[PDB]
Amino acid sequence: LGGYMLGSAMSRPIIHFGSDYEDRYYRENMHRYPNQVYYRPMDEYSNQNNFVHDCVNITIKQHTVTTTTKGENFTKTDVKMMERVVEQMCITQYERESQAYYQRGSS
């Protein structure tokens, strides 16, 4: 956080971990799971891999600090699903910035 941007809630991505046990666990904890991510402007060699990668670590590292002190509790299992769910959320924002970068033209 600091030199990044924040994207408001959109839609909690659907992830598949082990089986129905974990599936229903996360699905029932979506309300306690963050739906916002932190994305940064596109740099040299515009790629979705680097964009989402850097977005995942910051998003989880950010919520675990404030959200866990705002009225939540992210444990080992919480960060696990968060990693997968945030990764998808980062891709969504990737297209959001890619639409403005592609329309920006050659500047």
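Residues numbered from 1 in each chain as written, not as in the entry; some residues may be left out. Heavy atoms only, no water.

Per the PDB record, this model was obtained through solution NMR.

Under the annotation held in the PDB entry, the chain carries the name PRION PROTEIN and is attributed to Homo sapiens.

Chemist: What should I look at first to understand the overall build of the chain in this one?
Modeler: Looking only at helices and strands, the chain features 3 helices and 2 strands. Each principal axis of the C-alpha distribution contributes one length, and for the chain these read about 50 × 30 × 20 Å. When the 107 residues of the chain are sorted by exposure, 34% land in the buried category. Taking the 12 positively charged and 13 negatively charged side chains of the chain as two groups, their mean positions are separated by 4 Å. (Helix = DSSP H or I, 4+ residues; strand = E, 2+ residues; numbered from the N terminus. Buried < 20%, exposed > 50% of the residue type's maximum accessible area, 1.4 Å probe, protein only. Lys, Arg positive; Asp, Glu negative; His and termini not counted. Charge placed at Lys NZ, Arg CZ, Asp CG, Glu CD.)

Chemist: Explain the state of the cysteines to me, please; I cannot follow it from the model alone.
Modeler: One covalent bond between the sulfur atoms of two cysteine residues makes up a disulfide. Using the criterion set out here, one finds 1 disulfide in the structure. The residue that forms a disulfide with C55 is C90, at a sulfur-sulfur distance of 2.0 Å. The disulfide joining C55 to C90 has a torsion of about -75° about its S-S bond and is therefore left-handed. Taken together, the positions of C55 in helix α2 (residues 48–70) and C90 in helix α3 (residues 76–104) put the pair 35 residues apart, joining distant regions of the chain. Of the two residues, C55 and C90, both sit in the buried class. (Disulfide = S-S within 2.5 Å.)

Chemist: Please explain the environment of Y4 as it appears in this structure.
Modeler: Residue position: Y4 is located in the segment before β1 (5–7). Distance from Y4 to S19, taken between C-alpha atoms, is 35 Å for residues 15 residues apart in sequence. Beyond its immediate sequence surroundings of up to four residues, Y4 is in contact with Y38, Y39, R40, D54 and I58. Engagement of the side chain of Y4 in a polar contact is seen with the side chain of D54, the distance being 2.9 Å. (Contact = heavy atoms within 4.5 Å. Polar contact = N/O pair within 3.5 Å; in protein donor to acceptor, adjacent residues only side chain to side chain.)

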